[PDB]
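Participant: piece number one of the complex, untouched:
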Amino acid sequence: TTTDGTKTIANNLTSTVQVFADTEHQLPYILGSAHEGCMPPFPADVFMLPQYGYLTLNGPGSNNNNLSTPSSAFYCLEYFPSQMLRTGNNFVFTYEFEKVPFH
């Protein structure tokens, strides 16, 4: 809350966040592209989560190749069945890699 030019941070006990994992890889997959925003090397650092975004087919307008194409996909992430979490409850899942050769 900002009154005049000063900020006052309070704590809302009843607010939620909502989280899900995409197991079937139905969204555009932006990992493996070597972006920033990972866990820091050193355990005592505190970091800010990056924003999610993707980009899709573009097309040849007159002077513009930025024009969308009939096949450009629009994904709404609320059309996924996420999980809503207040302060008390927690989130977990497990995963198993398929066989790959040793490095």
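Facilitator: Great, that's in hand. Numbers count the residues shown, from 1 in each chain, chains lettered A, B, ... in the order given.
Participant: and the strands in chain A, which stretches?
Facilitator: Secondary structure of chain A (DSSP state E): strands at A:2-3, A:6-7, A:17-19, A:58-59, A:67-68, A:83-85.
Participant: which residues does the first one contact?
Facilitator: Outside of strand A:2-3, the residues within contact range by CB atoms under 8 Å, 6 or more residues apart in numbering are residue A:8. C-beta coordinates here come from the backbone N, C-alpha and C atoms, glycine included.
Participant: before we move on, back to that, out of the strands of chain A, nearest to residue A:103?
Facilitator: Each of the strands of chain A has some distance to residue A:103 by CB to CB; the shortest is strand A:17-19, at 31.3 Å.
Participant: what bridges to residue A:2?
Facilitator: Beta bridges link residue A:2 to residue A:7 when assigned by DSSP bridges.
Participant: then chain B, please:
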Amino acid sequence: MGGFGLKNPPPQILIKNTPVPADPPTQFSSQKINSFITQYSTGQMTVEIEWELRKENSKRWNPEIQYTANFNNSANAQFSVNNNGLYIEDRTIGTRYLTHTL
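Facilitator: Placed with the earlier chains, chain B looks like this:
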């Protein structure tokens, strides 16, 4: 050219009219029989193939391109006979319309 490469493809099927000779001479002759009875055959065939196919689960919000018939009123309906009775394919159709993430 596109297709399914197979190590053991469907077997070729081969057919022939069994030769029927014409009237032989009365005196024996050891040469091959030159003349036969002219004949041909006809019938019906059938082919029944079981195809396996992959379901489509995609969460993209907006609609997709799909194959639709042309929107003009035409003298001849598409993929259909003409006045003279001749069947006509109006254009090729590929299988790639629905999208998928890369």
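Participant: any idea how far the residue positioned nearest the centre of chain B lies from chain A?
Facilitator: Residue closest to the average C-alpha location in chain B (CA atoms, centre = their mean): residue B:47, at 9.9 Å. Spatial separation of residue B:47 from chain A under the definition CB to the nearest CB, to the nearest Å is 35 Å.
Participant: SS state for that residue?
Facilitator: Taken by DSSP: H, G, I helix; E, B strand; the rest coil, the conformation at residue B:47 corresponds to coil.
Participant: phi, psi for it please.
Facilitator: phi -140, psi 120 (degrees, to the nearest 10).
Participant: residues contacting residue A:72?
Facilitator: Under the criterion of CB atoms under 8 Å, 6 or more residues apart in numbering or on different chains, the contact list for residue A:72 reads A:56, A:57, A:58, A:59.
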